[PDB]
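We place every Cβ from the backbone using ideal geometry, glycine too, and count neighbours over all the protein chains shown. What follows is calculated from the coordinates using simple rules that are stated; it is not laboratory data.
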């Protein structure tokens, strides 16, 4: 993935959803690395789900960070990054 | 001491992170005071956010007296900036049945005149026809008869008696100190005039097919410039349509010809003779019975 | 000064004009052209030229 190539999904999927000017989409780009199309699309989808959990019709900045920790780490395995043994 | 924003910002940074939705007894009561701080401060955004928490959770909770009464007042206080008579009228549908069941006619009479004032000033809707009859209509009340005739007035309204009716009876109309903020009564005069003009042109389309623009200005209580202002919003929003000729001073209904005339509209002439052979054939035997007997 | 900005200037010129003309055309027609130019705020020849082209 690339910084702009991922941003093409943010500027598209979130354009069809109600958001707030306080929420920033730049923090969800650089911090995320190597994500598919549905994983990034699930970030905007989960942000809307957590907003309904708090009964909100928009997407705030706090709802993005709560939905970020779920999709940020897809690897629970250990013994990686091994160039040795 | 007279400090508002200081007590509102402190409570906003605490109670939000305080309750984890464990005990709802003290949580619902304290948020009612937090929402009022944003109303006195004049912040409509924060008051709307705080109204999305305990308002929906109370419906599942058992009905309590003061808690439901606070919701009726807070939703009116947040309408100072919004000033939408259609949205507030939907919030008063619950109190209409609250004072008619839980309470008595003592508090039900003033609420009856208030809820109608939001319906009279409502721009439009599909439920406005069902809200004419309601339930408790014909209660033999002085305030009910004044508002009941006002609903049916828009159909026949010529705006000839409009300044006369508002002077004699003005419970919610001109001077209203209850559930309405303002520095004067000029808001009641401007908001009520916008609704009576839109309903005036609406019924003309169903009655007068062609009318002179010079006569239309006298019926709408407007001028040459003020007439084109209200009719422009009705057509642009997709409500109704009319004909406006500036040089010719002609206002017509502009009957659409898109129905292809005989290809469609002929359906009105098939029912004319449909009852022709049917009624005559039945009377041939019926008349001979009375003649023979 | 920019050639690309000037190219989009006529696009924004017709964009705001189409939104203003749509407000005029939506009600009934047969209104004075002079009254149309007063709402737009341009020359009568400019209003008649841009409208007839569309």
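Brief remarks follow.
- One residue stands out in region A:36-63 among those that are outside any helix (DSSP H, G or I) and without any contact (Cβ under 8 Å) to a residue 12 or more places away in the chain: the one that is farthest from the other protein chains (Cβ to nearest Cβ), namely A:36.
- Of everything in region B:249-279 that is farther than 16 Å from residue B:206 by Cα and surrounded by 12 or more Cβ atoms within 10 Å (Cβ to Cβ), the residue that is farthest from the other protein chains (Cβ to nearest Cβ) is B:249.
- There is at least one residue in region C:39-52 that is within 14 Å of chain B (Cβ to nearest Cβ), surrounded by 11 or more Cβ atoms within 10 Å (Cβ to Cβ) and under 23 Å from residue B:213 (Cβ atoms).
- Test result for residue A:27, out of contact with any strand residue (DSSP E or B) (no Cβ under 6 Å at 6 or more places or on another chain) and within 14 Å of chain B (Cβ to nearest Cβ): no
- Residue within region B:223-235 that is more than 12 Å from every other protein chain (Cβ to nearest Cβ), touching a helix residue (DSSP H, G or I) at 6+ places or on another chain (Cβ under 7 Å) and under 22 Å from residue B:156 (Cα atoms) present: yes
- Checked against (1) in a loop (DSSP other than H, G, I, E, B); (2) within 14 Å of chain B (Cβ to nearest Cβ); (3) surrounded by fewer than 11 Cβ atoms within 10 Å (Cβ to Cβ), residue C:30 meets all criteria but (3).
- Residue C:20 being within 14 Å of chain B (Cβ to nearest Cβ) and either under 23 Å from residue B:213 (Cα atoms) or not in a loop (DSSP other than H, G, I, E, B) (or both): yes
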